[PDB]
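The chain below stands alone and is given as structure tokens, in the form deposited without adenine.
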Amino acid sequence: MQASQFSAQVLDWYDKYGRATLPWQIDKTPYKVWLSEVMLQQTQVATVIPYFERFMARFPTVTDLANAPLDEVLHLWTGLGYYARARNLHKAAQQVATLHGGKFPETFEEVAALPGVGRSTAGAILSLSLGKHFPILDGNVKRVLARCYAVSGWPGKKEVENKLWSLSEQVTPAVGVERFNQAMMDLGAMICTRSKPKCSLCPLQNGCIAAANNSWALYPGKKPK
């Protein structure tokens, strides 16, 4: 299906089934989306929710986070795992306070320059909180795109990653980007699951190659070895 149809079908689906109840999806700000993306990186959403709230209550602004002792930040992080994220989070907060006057940057270069923030995360922060025209490519998106467009290579390979980034850019619209990007992550997390995807509940089922061939297990490709 055309890229235009892809985004339209995804947005229509999101309007009907979209659930934006999470704390970081309400009254969004770059700071809140950033904080949530880092916590959600390697931790289940159910587990994250209470921590997000505790962090927002203790650190209303990025400057409050920056000024706090690293040890307190690490203590509040206890239970989320992968503490390297917490250390980069604090450094990023300090960078924002030092280089951007306490105002979380709203430009791609400046956001991506932050420790612990990559290309996809920077795009998610700006698109979700400000509606900036940037695509994302997390585990969820890679799976949906790989299956819909039959990209069987291992994303760990540069050429395959570039291919997926191009597909994401191609289907990602400017109008409604905030809803489209959140929709794609929701689709990849709740519908197009790693195992036995629920294609009958997927807005892309009519044009998805994996669905047509019942070959979802082939996309994305797994690390060769």
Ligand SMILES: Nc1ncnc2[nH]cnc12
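Note that residue numbering begins at 1 and tracks the sequence as displayed.
Chemist: Mind pulling up the entry and telling me whether 98-106 or 84-92 has the higher mean Cα temperature factor?
Modeler: Stretch with the higher mean C-alpha B-factor: 98-106.
Chemist: Do the C-alpha atoms of 20-28 or of 199-207 have the higher average B factor in the entry?
Modeler: It is 20-28.
Chemist: Highest Cα temperature factor in the entry, among the options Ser166, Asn67, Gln182, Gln41: which one is it?
Modeler: Going by the entry's C-alpha B-factors, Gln41 comes out highest.
Chemist: Going by the entry, which third of its chain does the Cα temperature factor of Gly123 land in?
Modeler: For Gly123, the deposited C-alpha B-factor lands in the lowest third.
Chemist: If you rank every modelled residue in this chain by C-alpha B factor, which third holds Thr47: lowest, middle or highest?
Modeler: As the PDB entry reports it, the C-alpha B-factor of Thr47 lands in the middle third of its chain.
Chemist: Just say lowest, middle or highest third for the CA B-factor of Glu178 relative to the other modelled residues in its chain.
Modeler: As the PDB entry reports it, the C-alpha B-factor of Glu178 lands in the middle third of its chain.
Chemist: Is the Cα B-factor recorded for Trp154 in the lowest, middle or highest third of its chain?
Modeler: As the PDB entry reports it, the C-alpha B-factor of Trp154 lands in the highest third of its chain.
Chemist: Split the chain's modelled residues into thirds by Cα B-factor; is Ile191 in the lowest, middle or highest one?
Modeler: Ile191: CA B-factor falls in the middle third of its chain.
Just so you know, the form solved in complex with adenine exists too; it's not on screen, but the next bit is about it.
Chemist: Any chance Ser129 has a heavy atom within 4.5 Å of adenine in the entry with it bound?
Modeler: Answer no; every heavy atom of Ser129 is more than 4.5 Å from adenine in the entry with it bound.
Chemist: So in the entry with it bound, does any heavy atom of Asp186 sit within 4.5 Å of adenine?
Modeler: Yes, contact at 4.5 Å.
Chemist: Verify the contact flag for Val177: yes if a non-hydrogen atom of it lies within 4.5 Å of a non-hydrogen atom of adenine in the entry with it bound, no if not.
Modeler: Result no; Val177 lies far from adenine in the entry with it bound.
Chemist: At 4.5 Å between heavy atoms, is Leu40 in contact with adenine in the entry with it bound?
Modeler: It does: once adenine is placed as it appears in the entry with it bound, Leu40 has a heavy atom within 4.5 Å of it.
Chemist: Quick one: which of 152-160, 58-66, 169-177, 32-40 gets within 4.5 Å of adenine in the entry with it bound, going by heavy atoms?
Modeler: Heavy-atom contact with the partner occurs in 32-40.
Chemist: Which residues from 127-146 come close to adenine in the entry with it bound, meaning a heavy atom within 4.5 Å?
Modeler: Contacting residues: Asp138, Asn140.
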